[PDB]
Amino acid sequence: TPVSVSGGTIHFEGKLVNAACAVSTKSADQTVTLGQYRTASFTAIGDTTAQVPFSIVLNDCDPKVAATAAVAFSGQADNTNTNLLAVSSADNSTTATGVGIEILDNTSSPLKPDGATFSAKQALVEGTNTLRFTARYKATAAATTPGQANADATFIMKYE
């Protein structure tokens with residue numbers, strides 16, 4: 001018996017600015033796999049899947065230029081809960097409904113995906129610095145439907 005599954009990926013891009021730090025070329029164009037989940041196991045508004053880790057790696061940082069770094073995220077927001085990213089599918093596949101994608105900083109704080117809600121400021125050390133995040137699905141309806149649940153977002157660095 002086939003199973004109904006919801007899952008997909010989120011793709012992140014950012015500007016390559018030679019500011020206080022330089023963003024790794026790997027981090028500035030990356031795809032994070034969120035997993036596949038049994039659709040029937042989403043049974044209530046607010047159900048969430050496991051947090052999937054991803055990183056933004058900064059190279060060649062100079063704390064003398066800027067003591068701290070933070071990140072904001074921008075994408076098309078879910079209409080039911082605008083603190084989540086709306087999900088989409090490829091043309092050959094159906095889109096899941098009743099879920100959005102949540103991004104959290106390393107303090108476990110969700111970030112509104114409006115391009116102006118920045119993560120907790122992190123102290124920089126000379127050279128390479130790792131900024132850690134997670135992503136997951138969050139149900140926006142009690143009854144969800146199966147399919148692909150992908151998103152595209154941009155990230156924005158703030159050095160202070």
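Look above for the structure.
Residues numbered from 1 in each chain as written, not as in the entry; some residues may be left out. Heavy atoms only, no water. Residues with missing side-chain atoms left out of burial classes, pairs and counts.

Novice: What am I meant to see in the side chain of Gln30 here?
Specialist: Along the chain, the position of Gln30 falls in strand β3 (residues 29–38). Those residues in contact with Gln30 that lie beyond four places of it in its chain are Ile10, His11, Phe12, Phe54, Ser55 and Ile56. (Helix = DSSP H or I, 4+ residues; strand = E, 2+ residues; numbered from the N terminus. Contact = heavy atoms within 4.5 Å.)

Novice: How should I be thinking about the nonpolar core in this particular structure?
Specialist: Generally speaking, soluble globular proteins have nonpolar side chains that are buried together. Counting residues in hydrophobic clusters, the biggest one holds 34 residues, and the most contacted among them are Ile10, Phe12, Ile56, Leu58, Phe73, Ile103 and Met157. Counting only elements with at least two residues in this core, the list comes to β1 (5–14), β3, β4 (52–61), β5 (68–74), β6 (99–105), β8 (127–139) and β10 (151–159). (Core = buried A, V, L, I, M, F, W, Y, C linked by side-chain atoms within 4.5 Å. Buried < 20%, exposed > 50% of the residue type's maximum accessible area, 1.4 Å probe, protein only.)

Novice: In this structure, what is going on with the state of the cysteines? I would like to understand it.
Specialist: Chemically, a disulfide is nothing more than a covalent bond linking the sulfur atoms of two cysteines. Using the criterion set out here, one finds 1 disulfide in the structure. Disulfide pairing is shown between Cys21 and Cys61; the S-S distance is 2.1 Å. Note on the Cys21 and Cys61 pair: the S-S dihedral is about 115 degrees, so by sign convention the disulfide is right-handed. Of this pair, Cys21 sits in the loop between β1 and β2 (22–23) while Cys61 sits in strand β4; the two residues are 40 residues apart in sequence, bridging distant segments of the chain. By the burial criterion, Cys21 is buried, and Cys61 matches it. (Disulfide = S-S within 2.5 Å.)

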